[PDB]
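Shown below, as C-alpha cells, is a lone chain in the form deposited without the named molecule; questions about how it binds or moves come after it.
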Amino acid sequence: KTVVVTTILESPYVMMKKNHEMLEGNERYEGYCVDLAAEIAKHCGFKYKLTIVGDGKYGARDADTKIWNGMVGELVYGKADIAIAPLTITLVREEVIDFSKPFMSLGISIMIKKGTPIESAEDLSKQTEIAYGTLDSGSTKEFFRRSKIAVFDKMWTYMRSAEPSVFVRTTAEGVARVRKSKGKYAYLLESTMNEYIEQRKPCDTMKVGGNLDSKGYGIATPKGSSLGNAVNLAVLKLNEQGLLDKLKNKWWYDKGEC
C-alpha cells in the first residue's frame, strides 16, 4: 500500500516548484522535507504520496469538541500514515501520536524589521510602542500561553488581549507584517524559519537575541503504526550520515540571497 504523507506548505520545507503547472504527483514539490521524505522512503523501502494538509494547520485540539485538527488530526483520525514537516514534538501531541527522535533542533526566536530597537524578549515586555505576536494553532503560541516565566507571562498577557490581533494565520503573513510595519511589529517564530528568512531579500529582517527555549521537530506516525519504529531508526541513520546537515545547508544558505 502506498504511504499517505501529510505535510504543510512552509518554506523552505515544502514549496511548489516554479514550474509545478506541468508536473504531477510528488514532482510538483521541492524543499527540505520533500528531500527528507524521499530519503526515508528509500531506507524503509516504501512508495508514497505527498499530500498537503487540508486546513493548512500543524495540529491543535479543540478545547470544546476535543477534536484534533491539522496534520496531527490527519494522523489521529487515520487520514494519513505519516507526517513529514516542521512539526514540533510536544507533550500534548506525544500523548496522541508517535514522534521519531528529532531531525532538527530549534527554539523560539525574535524577528525584527531591521533598525528596530529590540535585542531581547525582555525588551519587548518593557515597552508598548512595538507590537509583537506569534503564529496561530502552533507550539509557539501555546508556549507563551503556558509559560510561568515573568517576562514570558507578561508578554502573553499583552498578546492575549492585544487589539487588533497580533496573531497570524501563516508564517508568510507574520514576516509580511514585520516588513510593512515600519519596525512597529516584531514577530516571534521558530529559529529555523527566522534564519531562513533573514537570508531572503529584500534582506530587511533579522533575528535578535538567543532562543527563548529548546525543542525539536520530529516525523510523526499514528500510535500503533508499523512504520514508527523503522522511521525513527531511519532519522537517526540519516543524521549520523550527515544527510540532515547536508540538507539544511542546501535550502537555507546555498540558496541565500543576501
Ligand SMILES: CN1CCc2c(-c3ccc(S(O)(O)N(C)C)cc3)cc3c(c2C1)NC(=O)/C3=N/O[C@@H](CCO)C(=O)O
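Numbers follow the displayed sequence, beginning with 1. Whichever C-alpha set is largest while still superposing within 1.5 Å between the two forms counts as the rigid core.
The stretch that moves more in 4 other deposited structures of this protein, judged by CA deviation after a rigid core superposition and choosing between 124-132 and 67-75, is 124-132. For the pair 97-105 and 160-168, rigid core superposition yields a higher RMS C-alpha distance in 4 other deposited structures of this protein in 160-168. Between 38-46 and 52-60, the higher mean Cα B-factor belongs to 38-46. 80-88 and 143-151 differ in mean CA B-factor, and the higher of the two is recorded for 143-151. By the numbers in the PDB entry, the CA B factor is greatest at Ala162 among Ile112, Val72, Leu106, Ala162. When the C-alpha B factors of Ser226, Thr221, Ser191, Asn26 are read from the deposited coordinates, the top value falls at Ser226. Ranked by C-alpha B-factor against the other modelled residues of its chain, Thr205 falls in the lowest third.
Among the modelled residues of its chain, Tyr132 has a C-alpha B-factor that falls in the middle third, as given in the PDB entry. Placement of the Cα temperature factor of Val96 within the chain: lowest third of the modelled residues, per the deposited record. In this PDB entry, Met22 carries a Cα temperature factor that places it within the highest third of its chain's modelled residues. Among all modelled residues in this chain, the alpha-carbon of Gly174 has a temperature factor (C-alpha) in the middle third.
The discussion below concerns the form deposited with the named molecule bound, not included here.
Counting atoms of the named molecule, placed from its pose in the deposited complex by superposing the C-alphas round the site, that lie within 2.4 Å of this form's backbone or C-beta atoms gives 3 or more, so the site is blocked. Annotated contact segment (heavy atom within 4.5 Å of the named molecule in the deposited complex): 58-66, selected among 37-45, 58-66, 22-30, 220-228.
By the criterion of a heavy atom within 4.5 Å, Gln199 is excluded from the residues contacting the named molecule in the deposited complex. Using a 4.5 angstroms limit between non-hydrogen atoms, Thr170 touches the named molecule in the deposited complex.
Among residues of the shown chain, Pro86 is one whose heavy atoms approach the named molecule to within 4.5 Å in the deposited complex.
Remark: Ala121 does not count among the residues lining the named molecule in the deposited complex, judged by a heavy atom distance of 4.5 Å or less. Shown without its partner, this chain lists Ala80, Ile97, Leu135, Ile110 as candidates; in the deposited complex, only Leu135 has a non-hydrogen atom within 4.5 angstroms of the named molecule. Scanning 6-20 for heavy atoms within 4.5 Å of the named molecule in the deposited complex gives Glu10, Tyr13 in sequence order.
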